[PDB]
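Below is one structure, written out as structure tokens; the observations come after it.
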Amino acid sequence: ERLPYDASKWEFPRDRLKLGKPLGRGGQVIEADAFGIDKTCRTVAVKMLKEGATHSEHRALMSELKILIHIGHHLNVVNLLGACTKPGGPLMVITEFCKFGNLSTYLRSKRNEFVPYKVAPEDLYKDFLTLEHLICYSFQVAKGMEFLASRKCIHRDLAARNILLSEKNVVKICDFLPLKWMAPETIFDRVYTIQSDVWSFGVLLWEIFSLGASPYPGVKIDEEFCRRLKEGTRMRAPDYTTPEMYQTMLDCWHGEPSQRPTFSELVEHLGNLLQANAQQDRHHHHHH
Ligand SMILES: O=C(Nc1cncnc1)c1c(Cl)ccc2c(Nc3cccc(C(F)(F)F)c3)noc12
């Protein structure tokens, strides 16, 4: 809100947008066509308020926009393309469009199209999810969080429902029961810090390697849940996890926030895990 707004760089004409079917509601996000928004026609996502909403919501939408302008560009964070702020129409924030939707559902739908890895004749696993994909998505989300962390940002709601999937397996962090993703201090003291987001990154990890599963299955989210979380109880390994990966899930869920890895340590670690899987996959593919 204190951050300045460079209209000469981000302002887009309202009549250069044809709004289409809605995506989500909470303001509301919509799919759309933007003409000339980049250097001829492109698909975009527009977040706009309603008719007569609370001046506050306007203020909120504006500050959300300035935050995005502040954060900057990174391949793994939803990209801001423009915004209509001047008088004449409603306030709109325009970002790139990700066709495949949130990561959880996308994964949830590939449960009948998964193989640990591929070998000849690999044409039987066309459009199949594999460990490499899963670790790759985890690597990218980590890089985007290391980025955001590097800018003093704090997501506060990092989950699979807030990860978008684009062309060529590129995931992006965006921001549209949350208790299931919160760390102990965040639930009991109401404290949000970069470390608590790592806690959540851990919950995200579990979601990915459980192909879109809901965390803490069958548990009610009542007082007992909160107590067990506080006493050291943790989720069991998901169905598509590897041993190293599950352990990383455990590290992120460390009770002592300072003892949780950092997003830089996580990037460093997943990068390696990805490179090893790759190597094994090369040997698997070579022999058979
Ligand atoms: O959901 C959005 N776009 C979108 C893209 N593709 C498919 N569906 C929706 C979106 C739109 Cl239309 C406008 C602003 C933001 C947005 N802003 C944001 C605010 C604070 C922090 C962050 C993040 F950097 F943490 F991601 C993003 N995240 O996601 C959006």
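Easy rule for this one: first residue shown is 1, then count along the chain.
Here the Cβ of each residue, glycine as well, is placed from N, Cα and C on the backbone.
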Position flagged as phosphotyrosine [Swiss-Prot], chosen from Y125, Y192: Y125
Three-state secondary structure, which DSSP defines for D157 (active site, proton acceptor): coil
Gap of 19 residues [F176 to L177], endpoint C-alpha distance in angstrom: 14
Close-lying recorded positions around ligand 1 among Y125, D157, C174, where CB distance stays under 6 Å: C174
